[PDB]
Amino acid sequence: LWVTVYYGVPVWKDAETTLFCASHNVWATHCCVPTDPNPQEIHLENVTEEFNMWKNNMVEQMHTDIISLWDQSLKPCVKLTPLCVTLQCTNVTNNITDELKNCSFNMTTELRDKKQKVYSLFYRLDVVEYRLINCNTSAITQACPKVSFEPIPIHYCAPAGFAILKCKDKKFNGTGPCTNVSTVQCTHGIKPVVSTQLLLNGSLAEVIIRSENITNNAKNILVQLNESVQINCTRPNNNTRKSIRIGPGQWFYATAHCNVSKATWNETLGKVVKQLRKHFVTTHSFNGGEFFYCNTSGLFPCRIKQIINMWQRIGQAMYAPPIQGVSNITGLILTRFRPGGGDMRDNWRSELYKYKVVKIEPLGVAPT
Amino acid sequence: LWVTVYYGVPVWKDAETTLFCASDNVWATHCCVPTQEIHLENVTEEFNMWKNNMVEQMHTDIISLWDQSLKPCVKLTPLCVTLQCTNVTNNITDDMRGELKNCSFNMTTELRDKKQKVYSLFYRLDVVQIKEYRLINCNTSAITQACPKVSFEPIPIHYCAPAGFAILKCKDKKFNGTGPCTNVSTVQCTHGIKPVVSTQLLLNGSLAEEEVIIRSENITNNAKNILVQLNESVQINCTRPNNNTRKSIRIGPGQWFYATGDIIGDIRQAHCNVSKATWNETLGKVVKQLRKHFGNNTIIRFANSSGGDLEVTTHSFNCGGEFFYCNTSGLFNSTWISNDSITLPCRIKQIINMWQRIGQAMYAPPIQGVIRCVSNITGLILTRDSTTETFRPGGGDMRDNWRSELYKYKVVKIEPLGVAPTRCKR
Amino acid sequence: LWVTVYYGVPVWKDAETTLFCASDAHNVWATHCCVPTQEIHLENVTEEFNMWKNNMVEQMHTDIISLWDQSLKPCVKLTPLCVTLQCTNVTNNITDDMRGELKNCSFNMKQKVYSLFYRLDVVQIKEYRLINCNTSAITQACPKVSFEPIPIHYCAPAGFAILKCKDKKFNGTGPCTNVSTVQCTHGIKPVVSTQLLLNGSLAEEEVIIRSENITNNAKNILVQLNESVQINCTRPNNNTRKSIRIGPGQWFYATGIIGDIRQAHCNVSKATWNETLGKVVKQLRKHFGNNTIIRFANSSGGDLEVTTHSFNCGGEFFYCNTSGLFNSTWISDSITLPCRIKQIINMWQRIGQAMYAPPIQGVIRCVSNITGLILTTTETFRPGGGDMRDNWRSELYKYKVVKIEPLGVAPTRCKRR
Amino acid sequence: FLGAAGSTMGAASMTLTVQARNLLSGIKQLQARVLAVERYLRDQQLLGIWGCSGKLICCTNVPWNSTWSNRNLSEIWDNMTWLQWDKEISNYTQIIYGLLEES
Amino acid sequence: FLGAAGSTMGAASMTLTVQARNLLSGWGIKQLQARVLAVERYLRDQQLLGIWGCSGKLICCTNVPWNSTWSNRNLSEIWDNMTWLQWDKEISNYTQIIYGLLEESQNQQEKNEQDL
Amino acid sequence: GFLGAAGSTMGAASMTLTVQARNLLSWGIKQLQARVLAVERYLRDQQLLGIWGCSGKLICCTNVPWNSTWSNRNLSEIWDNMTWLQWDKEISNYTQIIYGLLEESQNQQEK
Ligand SMILES: *[C@@H]1O[C@H](CO)[C@@H](O[C@@H]2O[C@H](CO)[C@@H](O[C@@H]3O[C@H](CO)[C@@H](O)[C@H](O)[C@@H]3O)[C@H](O)[C@H]2NC(C)=O)[C@H](O)[C@H]1NC(C)=O
Ligand SMILES: *[C@@H]1O[C@H](CO)[C@@H](O[C@@H]2O[C@H](CO)[C@@H](O[C@@H]3O[C@H](CO)[C@@H](O)[C@H](O)[C@@H]3O)[C@H](O)[C@H]2NC(C)=O)[C@H](O)[C@H]1NC(C)=O
Ligand SMILES: *[C@@H]1O[C@H](CO)[C@@H](O[C@@H]2O[C@H](CO)[C@@H](O[C@@H]3O[C@H](CO)[C@@H](O)[C@H](O)[C@@H]3O)[C@H](O)[C@H]2NC(C)=O)[C@H](O)[C@H]1NC(C)=O
Ligand SMILES: *[C@@H]1O[C@H](CO)[C@@H](O)[C@H](O)[C@H]1NC(C)=O
Ligand SMILES: *[C@@H]1O[C@H](CO)[C@@H](O)[C@H](O)[C@H]1NC(C)=O
Ligand SMILES: *[C@@H]1O[C@H](CO)[C@@H](O)[C@H](O)[C@H]1NC(C)=O
Ligand SMILES: *[C@@H]1O[C@H](CO)[C@@H](O)[C@H](O)[C@H]1NC(C)=O
Ligand SMILES: *[C@@H]1O[C@H](CO)[C@@H](O)[C@H](O)[C@H]1NC(C)=O
Ligand SMILES: *[C@@H]1O[C@H](CO)[C@@H](O)[C@H](O)[C@H]1NC(C)=O
Ligand SMILES: *[C@@H]1O[C@H](CO)[C@@H](O)[C@H](O)[C@H]1NC(C)=O
Ligand SMILES: *[C@@H]1O[C@H](CO)[C@@H](O)[C@H](O)[C@H]1NC(C)=O
Ligand SMILES: *[C@@H]1O[C@H](CO)[C@@H](O)[C@H](O)[C@H]1NC(C)=O
Ligand SMILES: *[C@@H]1O[C@H](CO)[C@@H](O)[C@H](O)[C@H]1NC(C)=O
Ligand SMILES: *[C@@H]1O[C@H](CO)[C@@H](O)[C@H](O)[C@H]1NC(C)=O
Ligand SMILES: *[C@@H]1O[C@H](CO)[C@@H](O)[C@H](O)[C@H]1NC(C)=O
Ligand SMILES: *[C@@H]1O[C@H](CO)[C@@H](O)[C@H](O)[C@H]1NC(C)=O
Ligand SMILES: *[C@@H]1O[C@H](CO)[C@@H](O)[C@H](O)[C@H]1NC(C)=O
Ligand SMILES: *[C@@H]1O[C@H](CO)[C@@H](O)[C@H](O)[C@H]1NC(C)=O
Ligand SMILES: *[C@@H]1O[C@H](CO)[C@@H](O)[C@H](O)[C@H]1NC(C)=O
Ligand SMILES: *[C@@H]1O[C@H](CO)[C@@H](O)[C@H](O)[C@H]1NC(C)=O
Ligand SMILES: *[C@@H]1O[C@H](CO)[C@@H](O)[C@H](O)[C@H]1NC(C)=O
Ligand SMILES: *[C@@H]1O[C@H](CO)[C@@H](O)[C@H](O)[C@H]1NC(C)=O
Ligand SMILES: *[C@@H]1O[C@H](CO)[C@@H](O)[C@H](O)[C@H]1NC(C)=O
Ligand SMILES: *[C@@H]1O[C@H](CO)[C@@H](O)[C@H](O)[C@H]1NC(C)=O
Ligand SMILES: *[C@@H]1O[C@H](CO)[C@@H](O)[C@H](O)[C@H]1NC(C)=O
Ligand SMILES: *[C@@H]1O[C@H](CO)[C@@H](O)[C@H](O)[C@H]1NC(C)=O
Ligand SMILES: *[C@@H]1O[C@H](CO)[C@@H](O)[C@H](O)[C@H]1NC(C)=O
Ligand SMILES: *[C@@H]1O[C@H](CO)[C@@H](O)[C@H](O)[C@H]1NC(C)=O
Ligand SMILES: *[C@@H]1O[C@H](CO)[C@@H](O)[C@H](O)[C@H]1NC(C)=O
Ligand SMILES: *[C@@H]1O[C@H](CO)[C@@H](O)[C@H](O)[C@H]1NC(C)=O
């Protein structure tokens with residue numbers, strides 16, 4: 001009969017906003033606020049919410065912010081301008097079995113005069129009468145040792161006026177009318193682990209095959225396992241390093257296999273196989289502090305690369321310093337089967353498939 | 001009875017916020033805000049100058065502001081070359097033997113090609129052997145020339161509360177930095193603090209109104225600094241008696257380096273003069289107050305700064321932009337028991353690792369003509385080393401130079417909402 | 001009577017605030033003007049306007065400079081080119097004009113490279129240097145960024161309003177008795193020029209002569225026409241661009257030429273120009289004498305940006321000779337003007353900074369509208385110069401910013417409980 | 001901290017302060033805080049233009065026109081959640097706001 | 001929006017619904033600063049109405065009598081021939097007096113309500 | 001003056017509550033950050049008063065009885081013989097309880 005206006009109305013809509021992170025690490029200056037000791041999760045009784053892991057701005061937001069932080073770091077580190085010189089170089093015969101090269105060059109000092117001769121080691125992958133790979137194409141910036149890039153867990157938290165909804169349906173395939181929805185203020189740890197073919201650490205399904213338009217196109221399949229597989233990765237070299245002066249306080253630091261747990265890998269595959277029929281970057285990267293690029297040997301022998309073109313970009317090559325002197329497979333990225341992946345958005349779509357951001361709209365009308 | 005809600009209630013809590021400055025050059029164009037005390041009757045409040053967040057904030061703003069200036073100035077990295085030098089030894093007093101050097105070198109020019117030969121004078125403190133020399137801070141760090149257009153003269157800075165906050169001031173005449181204060185008032189801004197940078201002696205600050213005040217945290221604990229605020233002031237007359245010239249060198253595309261030029265007339269040593277009798281009375285007052293904590297006729301003796309670097313062992317001035325390092329061992333030489341002028345020699349340095357940092361170095365451009373300044377000693381920084389207690393000049397931690405002015409002030413937040421029982425119901 | 005408080009009272013005060021940019025939806029103006037964009041007549045309102053004291057002009061001036069720098073800030077520096085340059089000459093099919101022009105220069109940069117320069121880009125001491133090499137190091141403009149002017153609307157923030165004068169005869173100062181309120185100004189094209197003002201607004205009627213003090217004779221006179229004069233400009237030399245790598249991702253764009261070498265030039269009609277001056281003198285005669293003579297002449301002297309018509313089209317920088325214009329005496333077919341070109345540009349009065357304009361591949365065909373002029377017992381008038389503030393004054397001419405003050409009081413026959 | 005969920009309209013009437021209190025609690029974050037304030041103020045100004053302020057529940061003299069929803073009071077108020085109701089009347093809202101502003 | 005701004009105070013006495021309740025409408029730091037200031041102005045006016053004894057209403061009459069020394073004018077002009085712009089000018093430097101009095105009056109009313 | 005009579009007793013200080021209420025709203029980035037904070041603090045307090053039955057009053061009476069467990073003193077020992085600074089300390093452990101009760105007291109009036 002009459003119009004009644006309500007203010008604290010329990011209504012929300014799909015929305016896109018900026019979320020913030022909460023907890024000498026690279027993320028130390030980002031995730032500057034701790035999360036609450038009590039997540040205060042609220043079950044929403046009798047609701048249905050449409051969730052979609054695809055076209056999810058939280059994934060896109062995670063991606064762009066990580067790239068930004070990555071680039072905020074490095075920016076203040078030493079620029080390796082004077083390494084683009086002709087390098088003289090020979091082989092290694094010293095207790096080497098079936099590599100690394102023994103190289104030397106003319107380098108600057110802290111003064112503009114008195115150029116010095118320097119001897120250093122390089123991995124074959126980084127050397128192209130030699131030049132360093134891409135030295136004449138892109139600037140190379142070293143990743144200075146004062147900052148750690150260890151992928152600590154992070155939590156995304158809503159700004160005031162927004163809330164994060166979560167899907168608790170154990171059989172959710174990434175899209176659709178999820179029930180048993182709960183509301184949270186912050187996401188779980190979504191540890192920012194970077195990989196290609198296999199997804200490491202993160203969380204388990206406690207197997208679920210999730211993909212967009214499955215069997216119909218050239219799209220990645222994200223497989224989340226109910227059980228983890230431990231992989232034993234090492235670098236049995238006991239490398240040492242040489243610290244030299246490039247310039248006035250400009251320091252440069254000059255200068256492998258994985259054992260897949262036996263039997264359990266075949267059991268894991270056993271869980272995946274014949275589930276696909278219900279519907280129906282050549283290597284596996286890592287970061288141990290070094291980038292392994294391992295072969296899929298007995299999976300469907302690693303090689304360290306020091307000059308890195310990451311995030312699929314060309315002009316921002318990074319120089320990883322040498323390091324003086326144990327991961328879980330929780331999911332796979334497959335293509336029609338062979339390993340797929342290489343797109344960081346899919347790497348980070350995983351673990352966020354269950355979350356949605358909505359805007360709270362505290363105003364509404366009803367009759368009385 | 002019933003709960004009643006009151007808004008506008010005059011209560012507060014200790015708080016940490018961000019203050020902004022105001023004022024009546026580095027700071028003159030920084031505050032950009034133009035510049036009344038309210039007495040609080042029957043209010044006792046607790047102050048603690050050693051835990052005062054404004055000190056950390058003042059330090060933070062000074063370092064940041066200092067670095068905001070200089071950043072947009074000419075870098076001197078083109079000068080980190082091998083240079084050759086000889087001593088001047090020309091119309092000198094014989095107290096400068098090897099102190100002033102005549103240097104020459106091959107450096108860059110306007111074009112990327114060609115080169116130029118230049119020469120300039122340097123103080124020994126700026127140059128080290130490697131007749132072949134290197135400049136200091138070409139070793140590590142990098143030298144940036146300060147822009148000559150920018151003055152570093154300290155001017156009073158008034159720190160003002162943001163809306164929702166207030167600053168409380170302690171007026172007790174003998175307040176020693178901690179504990180309850182009986183005479184308390186509220187202000188919107190501080191009295192105006194000059195950001196004077198010095199060590200060992202505190203220059204151009206506020207004076208005690210009644211008697212010398214000795215302030216320290218847990219004074220019984222040795223190896224702590226003691227801030228002494230003086231009653232009356234000691235006048236210091238400093239000079240650098242060398243009529244200098246400058247050489248403007250174009251080192252790139254409108255990039256200029258200002259080199260020390262030659263000297264007109266005789267070369268003389270820099271020094272500072274303090275009246276001797278004034279210094280004698282000043283210390284007698286300090287000693288009498290030290291006796292309150294170090295009593296029972298303990299012999300109190302003063303001694304020099306001993307070891308450590310130049311920044312800590314000598315006195316430091318910034319006069320017109322010139323940087324002086326002075327020998328104070330001639331002041332801190334006495335034994336006190338219960339029964340015309342002093343000349344302090346000085347040295348000049350141009351490449352400065354200011355604020356106890358290692359990643360930056362400033363080059364102070366030379367100053368033409370003859371420069372002199374007169375300063376007021378308003379306080380001392382002492383460190384204490386069983387009888388015959390010994391005190392030495394202390395210092396080097398810049399926050400101590402600000403506590404000496406900020407000790408009277410505290411920041412609080414206003415929380416004008418609360419409840420109490422009353423006789424009303426709706 | 002009792003005090004009554006009112007809110008929403010329609011009154012205002014003169015004010016200075018921050019305005020925002022809006023438009024009608026790799027252009028720099030568009031990149032930094034991302035807000036898409038009626039008028040209320042004010043009955044019985046008289047408002048004082050002063051376009052010689054107008055903070056909208058000063059704010060626009062600042063915004064233009066700031067945007068320009070933001071645009072060039074991330075572009076490649078040309079520091080590597082300040083080497084002794086070795087130059088000779090070009091005799092390759094050049095017509096009678098431009099003999100002292102297009103020198104062929106080589107660099108020791110290592111690699112040996114070469115490029116062509118305009119005579120106005122270099123100085124001796126076959127030994128040459130680039131201008132703005134000893135001072136004002138040069139930054140190359142990014143080839144992907146367009147500076148082509150687009151209409152810009154200046155809009156008030158909430159609490160503010162822009163008043164505008166509708167009086168067709170307004171001379172820039174004093175009261176206006178036909179006032180309206182808008183949210184945004186009309187679109188203004190941020191066109192840079194000297195002497196002749198291009199692509200602006202036309203007068204509703206006749207010719208309007210405006211100045212701060214008309215009898216001072218040490219102030220610019222801004223002349224607004226009611227009809228446009230068309231100018232047809234061209235640079236018909238089929239230029240080639242030569243890409244030179246100067247570093248790992250850094251490129252320099254050199255002038256690399258097809259066909260005859262011809263003098264760049266601009267044309268106006270004789271009749272249009274003559275009639276245009278006729279109208280201008282009729283109005284000048286209302287302020288300067290009566291039974292007098294008005295003569296026009298070219299610039300009395302000054303730097304290139306003063307004595308020539310600084311003109312920008314196609315991204316090229318032209319300095320056109322206007323002495324073919326302004327050469328007549330007034331009492332009771334076509335005109336062709338030669339033009340010079342520069343690649344090293346000192347924008348505005350920023351002597352301490354310089355920019356390198358990359359060459360344009362092909363030819364330029366350009367048509368512009370003259371909407372106004374800047375001028376400076378018989379009298380003689382000459383084209384003048386300025387710092388660009390005076391150009392913007394011609395479009396921001398009608399507008400004033402005011403702050404709305406919604407609260408106030410008045411006596412009333414009312415008392416509450 | 002919204003738990004009303006699928007509870008029907010009128011069940012959430014006692015949680016209105018739960019939602020209201022949750023609204024007020026590098027450059028990107030400064031911008032975010034300013035925007036949160038603006039959102040809050042726009043809703044308060046809007047309630048203020050309408051004939052009320054400072055209320056969780058407001059009812060001014062604007063009659064209901066059943067054309068907006070062909071349901072009776074029991075049919076609308078009960079057996080429905082606020083989310084469902086808002087969807088059914090996602091249109092015909094600006095008209096109400098106008099009527100509320102007029103009174 | 002400012003329609004009839006040149007009209008008399010009387011004519012405009014019924015136009016206050018306009019130029020009102022519209023201040024929150026939708027380097028770059030200058031725009032962020034502008035947005036914050038718009039909010040500050042909005043709140044400043046609302047707080048001032050709120051500290052005084054009447055807010056919400058466009059027209060509020062109070063218990064502070066009009067003092068003739070603030071105008072020396074009467075209703076033969078005020079609300080008849082004068083415009084709001086002229087009026088604002090005529091009493092432009094008495095504003096702070098009125099405002100102080102309005103605050104004092106409500107503070108007394110608050111005490112009376114506490115005692116009642 | 002602002003906080004004038006801060007040391008005066010409760011009920012004396014309250015004679016002028018407008019002074020501490022009207023004065024709450026008064027790189028350079030800190031000034032923008034400060035303006036934003038002042039607004040946020042102001043609005044949080046105004047929202048809190050407005051989530052209770054309070055609006056424009058500086059002395060709002062609410063329907064919540066006083067508990068002897070919060071404080072049990074003679075009325076003369078509240079509105080005399082003590083100022084707001086001690087009172088605020090005395091009941092600082094109950095503020096969040098009283099505020100929750102005030103909010104509900106108002107929800108109970110939405111009839
Ligand atoms: C998956 O999670 C495991 C841990 O559950 C990660 O392995 C751990 O990685 C950290 C960082 O590299 C290791 O700590 C380091 O130890 C060395 C000394 O050996 C010390 O010098 C460093 O400062 C740092 O503290 C940690 O020891 C290692 N855990 C084990 C058992 O060795 C693993 O990296 C994660 N996988 C992926 C792909 O991120
Ligand atoms: C303590 O305060 C005194 C002033 O009371 C400071 O000395 C003053 O310093 C300024 C700047 O260095 C001198 O100004 C200059 O004067 C010359 C005169 O020829 C002029 O050419 C310059 O352009 C400039 O204006 C001022 O004269 C000087 N005052 C005295 C008495 O010499 C003193 O430096 C302060 N102490 C410290 C450690 O900062
Ligand atoms: C005054 O306004 C006129 C337009 O009303 C401006 O003329 C336009 O100038 C641009 C840039 O020189 C021309 O764009 C070019 O067009 C060719 C067409 O083949 C294309 O290949 C180029 O890539 C480029 O897009 C545009 O065509 C031209 N408009 C017309 C109608 O000819 C004039 O520049 C303005 N004057 C001033 C001084 O700003
Ligand atoms: C360094 O320069 C000298 C120049 O004579 C050359 O002979 C030598 O081979 C260079 N060394 C290296 C490692 O490139
Ligand atoms: C791997 O999975 C086991 C459970 O099967 C768990 O206890 C262990 O902590 C996991 N390791 C990592 C790196 O997550
Ligand atoms: C899946 O891809 C096929 C490709 O032909 C297309 O026809 C179909 O509509 C797509 N389905 C969905 C749900 O996108
Ligand atoms: C892999 O297995 C071999 C078997 O001989 C063993 O020697 C090696 O240490 C293992 N590697 C890791 C990382 O455990
Ligand atoms: C793994 O090793 C086998 C050895 O025959 C080789 O053929 C294959 O290409 C390798 N895979 C990758 C990704 O390098
Ligand atoms: C400059 O370089 C030449 C090279 O032969 C050398 O003889 C001369 O001594 C150098 N001069 C200086 C001042 O370093
Ligand atoms: C400065 O040079 C001397 C040369 O003997 C060296 O011993 C010292 O360690 C260098 N300074 C630093 C910070 O390394
Ligand atoms: C130095 O002290 C005298 C009083 O003895 C005072 O008049 C003068 O202003 C003080 N100078 C400075 C710089 O504070
Ligand atoms: C300062 O005064 C307080 C008063 O309680 C006393 O405890 C403290 O020891 C004194 N410190 C000094 C250095 O006088
Ligand atoms: C003060 O110094 C003495 C030195 O013996 C030490 O025992 C005592 O614990 C210190 N007290 C405080 C409060 O720091
Ligand atoms: C310092 O100079 C003043 C004159 O400006 C003079 O009166 C005073 O005695 C001098 N002090 C000393 C220690 O020489
Ligand atoms: C300083 O005090 C000592 C105390 O023994 C005295 O002998 C000396 O003459 C005094 N000096 C001056 C300048 O008064
Ligand atoms: C302190 O005095 C002693 C006396 O032998 C001297 O050796 C030492 O170098 C002096 N130190 C300073 C900093 O003046
Ligand atoms: C303008 O003033 C005239 C009298 O001078 C009056 O008749 C007319 O109605 C006024 N206009 C408006 C819109 O009130
Ligand atoms: C270039 O050649 C022309 C004739 O084609 C001549 O007039 C001009 O002076 C020459 N330039 C120079 C620098 O000699
Ligand atoms: C520099 O220019 C001269 C011109 O005669 C040439 O002979 C020499 O080879 C050039 N040097 C370089 C590095 O190109
Ligand atoms: C205002 O402009 C209109 C046309 O836009 C015109 O009819 C009217 O006479 C003008 N009024 C004044 C005061 O100039
Ligand atoms: C130039 O004037 C003509 C006149 O008809 C007009 O149509 C055209 O739009 C004008 N161009 C510009 C850029 O103002
Ligand atoms: C410009 O004004 C003159 C005045 O005599 C008139 O004859 C001419 O037609 C007008 N032209 C335009 C385009 O308004
Ligand atoms: C503009 O017109 C006004 C009309 O009152 C006149 O007073 C003023 O002097 C004129 N100014 C110029 C420069 O023509
Ligand atoms: C205008 O210029 C004349 C030049 O003689 C001067 O006398 C007069 O004061 C100036 N007036 C104004 C308003 O500037
Ligand atoms: C200018 O006029 C001349 C007359 O000979 C003609 O050849 C030329 O093409 C015209 N220029 C333009 C830009 O139309
Ligand atoms: C002199 O001025 C009058 C207007 O006052 C004008 O009509 C007449 O044409 C002018 N005479 C000349 C020669 O311009
Ligand atoms: C153009 O200006 C020059 C001086 O810069 C002068 O010699 C020439 O005669 C002028 N031309 C005309 C048409 O007045
Ligand atoms: C403002 O104050 C001055 C003081 O001389 C007075 O003459 C003027 O009339 C006042 N303004 C108003 C609107 O009454
Ligand atoms: C302080 O106590 C005295 C006691 O007589 C009293 O008169 C005075 O008003 C009190 N001060 C305040 C702020 O109430
Ligand atoms: C006082 O607190 C007790 C719980 O400790 C509660 O049961 C009682 O109702 C409360 N009384 C009042 C007046 O709120």
# chains A, B, ... in the order shown; residues from 1 in each chain; ligands from 1

call {"tool": "interface_residues", "arguments": {"of": "chain E", "to": "chain D", "cutoff": "12 Å", "atoms": "only C-alpha atoms", "output": "list in words"}}
result
residues 17, 18, 20, 21, 22, 23, 24, 25, 26, 28, 29, 31, 32, 33, 34, 35, 36, 37, 38, 39, 40, 42, 43, 46, 55, 56, 57 and 58 of chain E

call {"tool": "residues_around", "arguments": {"residues": "residue 75 of chain F", "least_positions_apart": "3", "cutoff": "10 Å", "atoms": "only C-alpha atoms", "output": "JSON, numbers by chain"}}
result
{"B": [1, 421, 422, 423], "F": [72, 78, 79, 80]}

call {"tool": "write_last_selection", "arguments": {"atoms": "C-alpha atoms", "output": "mmCIF file, in the first residue's frame"}}
result
data_model
loop_
_atom_site.group_PDB
_atom_site.id
_atom_site.type_symbol
_atom_site.label_atom_id
_atom_site.label_comp_id
_atom_site.auth_asym_id
_atom_site.auth_seq_id
_atom_site.Cartn_x
_atom_site.Cartn_y
_atom_site.Cartn_z
ATOM 1 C CA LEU B 1 19.935 5.640 36.744
ATOM 2 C CA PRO B 421 24.690 7.988 34.268
ATOM 3 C CA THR B 422 21.966 10.684 34.325
ATOM 4 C CA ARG B 423 18.368 11.254 35.407
ATOM 5 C CA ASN F 72 28.776 2.372 41.504
ATOM 6 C CA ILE F 78 30.053 11.482 39.086
ATOM 7 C CA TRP F 79 28.932 14.986 38.354
ATOM 8 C CA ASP F 80 31.285 16.525 40.892
#

call {"tool": "interface_residues", "arguments": {"of": "chain B", "to": "chain F", "cutoff": "7 Å", "atoms": "only C-alpha atoms", "output": "list in words"}}
result
residues 1, 2, 3, 4, 5, 6, 7, 8, 9, 10, 11, 38, 40, 41, 42, 43, 162, 163, 164, 416, 421, 424, 425 and 426 of chain B

call {"tool": "atom_distance", "arguments": {"atom1": "atom 35 (C, counted along the ligand's line) of ligand 3", "atom2": "atom CA of residue 77 of chain C"}}
result
28.9 Å

call {"tool": "closest_residue", "arguments": {"among": "A:336, A:284, A:30, A:274", "to": "ligand 1", "atoms": "only C-alpha atoms and all ligand atoms"}}
result
A:284

call {"tool": "closest_residue", "arguments": {"among": "B:94, B:266, B:45, B:113", "to": "chain C", "atoms": "only C-alpha atoms"}}
result
B:113

call {"tool": "residues_near_ligand", "arguments": {"ligand": "ligand 7", "cutoff": "6 Å", "atoms": "only C-alpha atoms and all ligand atoms", "output": "PDB file with N, CA, C and O atoms, in the first residue's frame"}}
result
ATOM      1  N   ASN A 232      61.357 -34.617  -5.096  1.00  0.00           N
ATOM      2  CA  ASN A 232      62.652 -34.327  -4.479  1.00  0.00           C
ATOM      3  C   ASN A 232      63.609 -33.680  -5.502  1.00  0.00           C
ATOM      4  O   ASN A 232      64.223 -34.380  -6.317  1.00  0.00           O
ATOM      5  N   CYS A 233      63.740 -32.327  -5.489  1.00  0.00           N
ATOM      6  CA  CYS A 233      64.562 -31.577  -6.454  1.00  0.00           C
ATOM      7  C   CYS A 233      65.842 -31.049  -5.817  1.00  0.00           C
ATOM      8  O   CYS A 233      65.823 -30.392  -4.772  1.00  0.00           O
ATOM      9  N   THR A 234      66.960 -31.304  -6.495  1.00  0.00           N
ATOM     10  CA  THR A 234      68.241 -30.804  -6.021  1.00  0.00           C
ATOM     11  C   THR A 234      69.160 -30.272  -7.104  1.00  0.00           C
ATOM     12  O   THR A 234      68.951 -30.476  -8.306  1.00  0.00           O
ATOM     13  N   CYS A 258      65.324 -33.866 -10.587  1.00  0.00           N
ATOM     14  CA  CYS A 258      64.191 -34.089  -9.691  1.00  0.00           C
ATOM     15  C   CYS A 258      63.801 -35.561  -9.707  1.00  0.00           C
ATOM     16  O   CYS A 258      63.599 -36.175 -10.765  1.00  0.00           O
ATOM     17  N   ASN A 259      63.652 -36.103  -8.507  1.00  0.00           N
ATOM     18  CA  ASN A 259      63.228 -37.474  -8.273  1.00  0.00           C
ATOM     19  C   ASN A 259      61.729 -37.494  -7.942  1.00  0.00           C
ATOM     20  O   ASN A 259      61.312 -37.037  -6.869  1.00  0.00           O
TER      21      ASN A 259
END

call {"tool": "select_by_dssp", "arguments": {"residues": "segment 7-107 of chain F", "states": "alpha helix (DSSP H)", "output": "count of residues only"}}
result
41

call {"tool": "residues_near_ligand", "arguments": {"ligand": "ligand 19", "cutoff": "10 Å", "atoms": "only C-alpha atoms and all ligand atoms", "output": "JSON, numbers by chain"}}
result
{"B": [113], "C": [83, 84, 85, 86, 106, 107, 108, 109, 110, 111, 112, 113]}

call {"tool": "closest_atom_pairs", "arguments": {"of": "chain F", "to": "chain D", "cutoff": "8 Å", "atoms": "only C-alpha atoms", "output": "tab-separated table"}}
result
residue	atom	partner	partner_atom	distance
F:33	CA	D:30	CA	7.3
F:36	CA	D:34	CA	7.0
F:40	CA	D:37	CA	7.5
F:43	CA	D:24	CA	7.8
F:44	CA	D:24	CA	6.2
F:47	CA	D:21	CA	7.7
F:48	CA	D:21	CA	7.8
F:50	CA	D:54	CA	5.6
F:51	CA	D:17	CA	6.7
F:55	CA	D:54	CA	6.9
F:103	CA	D:17	CA	7.6
F:107	CA	D:14	CA	6.6
F:110	CA	D:57	CA	7.3
